[PDB]
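Visitor: Quick one: structure below, then a few questions.
Protein chains: 2
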Amino acid sequence: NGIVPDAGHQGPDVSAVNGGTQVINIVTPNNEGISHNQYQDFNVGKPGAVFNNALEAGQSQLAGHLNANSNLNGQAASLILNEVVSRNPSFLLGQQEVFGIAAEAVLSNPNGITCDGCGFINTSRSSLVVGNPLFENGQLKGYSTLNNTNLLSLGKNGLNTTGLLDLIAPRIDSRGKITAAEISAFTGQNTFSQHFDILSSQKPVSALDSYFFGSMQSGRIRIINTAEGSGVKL
Amino acid sequence: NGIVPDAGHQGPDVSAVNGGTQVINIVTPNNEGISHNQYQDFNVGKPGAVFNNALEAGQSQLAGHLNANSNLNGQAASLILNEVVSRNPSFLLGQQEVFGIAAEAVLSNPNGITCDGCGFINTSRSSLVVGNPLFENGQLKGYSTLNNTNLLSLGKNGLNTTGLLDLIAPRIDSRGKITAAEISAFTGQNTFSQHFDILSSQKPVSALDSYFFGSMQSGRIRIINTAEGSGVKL
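This is the structure:
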């Protein structure tokens, strides 16, 4: 019951639950190569979840044998954008696997995101965005944490991935081991490009406190807090 | 007794002690604009220390009225490089002021550096390097932490500056509030350019553990640990 796709045009379809692991047929990539998937609820349990970006049947790590995704229409996604459209926050307690062609992945949930033992498999770049994507006539222009005060939380069991990692939120509270090739954490109220360049920043009414306890096993870490007067506690 | 200049050609001369604050006449800048100063001992107490990069007499913040530095020969330094040539580590318990023309400042001490309530005034960029500078026929080519396992320590009272801040050491242990326009921390055994670009990295025999407790009041923080297998604990 963790992942509940939206009933609208950008809602993906669940094809199976294999050992508690939900398998999601992501929607057709647009001309930008972006599969924009919308959910009333996006949560991942300990069995994890699989996003099917495959043009051939094969073996997944989390859900066994899976089929090609006919939604792809012969073109795999280069970016899998998962967006929660409701007021429900997201809890990630397991791995998210991209089955098939490797792609970038973004979870966007302006209501809040909590990781605790979550991770990403076969992902070149993975982003957690407590904020909303910005679209202009159907094309992705970036993301926004403007007017948002919600929290990205990482629990004791941390987060692991072999690719790049982006953490975008008004504030971040981390208590676990973050393992990634590179870690980028951007806090405060900002507008971002598609590539998470900071295009603008605003000062929040009250302080946006970010907390980092725990290890960070990465060769490169960058933390940008644009909330003037706030800080990054370690 | 904190700052003891070397007797050789790159040893500066102390001109005064004003309220316990040592005033150092840095040596003539070379053609690169680098004043390369060598010390048998480099320590700063609570009264702080002043480096005289002035072409006119004026008022310093820490040491009252000071004169022009005749060592400059009419050309202020663009980089003040302070290097300990002995086995003595460095303890910085106060502010270091550049009197006169603003400049970049680097403290190089391969034996270790400890900050506790230290800071930098009228400095565009300030660097603490547990490592040695690299010279090629008198020209500065960069810095090196190769084969070094010593520690850069920041105590409870932290470090403050309005300019940029570089922290270069085989490992860093910080327990206080670091305030700076931007913070760059590079750990592991590396060779650096003059601008602290990582040119090469080597794996240490044993782990080089870096620790960051405490606040970091900066808009941009980057931490690069090139020691594979080691991590950054927060």
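If you're matching them up, the sequences are chains A and A' in order. A prime marks a further copy of an entry chain.
Residue numbering for the first sequence follows the authors' numbering, starting at 30 and increasing by one per position.
Residue numbering for the second sequence follows the authors' numbering, starting at 30 and increasing by one per position.
Where a beta carbon is used, it is the ideal one built from N, C-alpha and C, also for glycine.
On the three-pair Cβ rule with 8 angstroms, is the segment 189-208 of chain A touching the segment 78-98 of chain A?
Guide: With the cut-off at 8 angstroms, the segment 189-208 of chain A and the segment 78-98 of chain A do not touch.
Visitor: May I ask which residues mark the beginning and end of the beta strand (DSSP E) holding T220 (chain A')?
Guide: Here the beta strand (DSSP E) through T220 (chain A') covers 218-221.
Visitor: Would you tell me roughly how many angstroms separate the C-alpha atoms of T208 (chain A) and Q124 (chain A'), rounded to the nearest one?
Guide: Approximately 37 angstroms between the Cα atoms of the pair.
Visitor: Flag this pair as yes or no: are the beta carbons of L181 (chain A') and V159 (chain A') separated by less than 9 angstroms?
Guide: In this structure, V159 (chain A') lies closer than 9 angstroms to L181 (chain A') by Cβ.
Visitor: Starting from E61 (chain A'), follow the beta strand (DSSP E) in both directions and report where the run begins and ends.
Guide: First-last for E61 (chain A'): undefined, no H or E at that position.
Visitor: Of the choices A:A45, A:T57, A:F120, A:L84, whose alpha-carbon is the least far from that of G93 (chain A)?
Guide: Comparing Cα-Cα distances from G93 (chain A) to each of A:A45, A:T57, A:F120, A:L84, the minimum goes to A:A45.
Visitor: Measure how close the beta-carbons of residue 304 (chain A) and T190 (chain A) come, nearest whole angstrom, since I'm counting them as under 8 angstroms.
Guide: Residue 304 (chain A) is absent from the model: chain A starts at 30 and stops at 263.
Visitor: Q168 (chain A') lies in the beta strand (DSSP E); which residues open and close that run?
Guide: Unbroken beta strand (DSSP E) run through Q168 (chain A'): 168-173.
Visitor: Let me make sure I understand the geometry here. Which of A:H38, A:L95, A:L84, A:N60 has the alpha-carbon closest to that of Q69 (chain A)?
Guide: For the residues A:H38, A:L95, A:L84, A:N60, the minimum Cα distance to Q69 (chain A) belongs to A:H38.
Visitor: By the 7 angstroms beta-carbon criterion, what residues does the segment 216-250 of chain A' contribute toward chain A?
Guide: Answer set for the segment 216-250 of chain A': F241, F242, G243, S244, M245, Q246, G248, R249, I250.
Visitor: Assuming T152 (chain A) and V113 (chain A) make a contact with CB atoms under 8 angstroms, what is their CB distance in whole Å?
Guide: Contact doesn't hold; Cβ gap of about 19 angstroms is too wide.
Visitor: So, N177 (chain A) versus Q218 (chain A), is the Cβ gap smaller than 9 angstroms?
Guide: Yes, they are a contact pair.
Visitor: Considering only C-alpha positions, which residue in the set A:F80, A:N100, A:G48 is nearest to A134 (chain A)?
Guide: The shortest Cα separation from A134 (chain A) among A:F80, A:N100, A:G48 belongs to A:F80.
Visitor: What are the boundary residues of the beta strand (DSSP E) that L136 (chain A') is part of?
Guide: It spans 132-137 - the beta strand (DSSP E) in which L136 (chain A') sits, taken as one unbroken run.
Visitor: Helix, strand or coil for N177 (chain A), going by three-state DSSP, please let me know.
Guide: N177 (chain A) falls in the coil class under three-state DSSP.
Visitor: Quick check on the DSSP output: what are the complete beta strand (DSSP E) runs of length 3 or more inside the segment 86-140 of chain A, in order along the chain?
Guide: Correct list: 108-113, 119-121, 124-129, 132-137.
Visitor: Inspect the beta-carbon positions of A210 (chain A) and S156 (chain A) and report whether they are closer than 9 angstroms.
Guide: No, the Cβ-Cβ distance between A210 (chain A) and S156 (chain A) is not below 9 angstroms.
Visitor: Could you give the residue range of the beta strand (DSSP E) that holds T255 (chain A')?
Guide: Premise fails: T255 (chain A') is in no beta strand (DSSP E) and is neither H nor E.
Visitor: Taking just the CA atoms, how far does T143 (chain A) sit from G31 (chain A)?
Guide: Using only the alpha carbons, I get a separation of about 13 angstroms.
Visitor: Taking C-beta pairs closer than 8 angstroms, name the residues in chain A' that residue 20 (chain A) reaches, listed in chain order.
Guide: Outside the displayed span of chain A (30 to 263) sits residue 20 (chain A), for which this structure offers no information.
Visitor: How far does the beta strand (DSSP E) with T190 (chain A) in it extend, from its first residue to its last?
Guide: Looking at the DSSP string, the run of the beta strand (DSSP E) that includes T190 (chain A) is 188-190.
Visitor: Using the beta-carbon of each residue, which ones in chain A' are nearer than 9 angstroms to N186 (chain A)?
Guide: Ordered by position in chain A', no residue passes the 9 angstroms Cβ test against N186 (chain A), which lies about 16 angstroms from the chain.
Visitor: Cα separation between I252 (chain A) and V52 (chain A)?
Guide: So the alpha carbons of these two residues sit roughly 33 angstroms apart.
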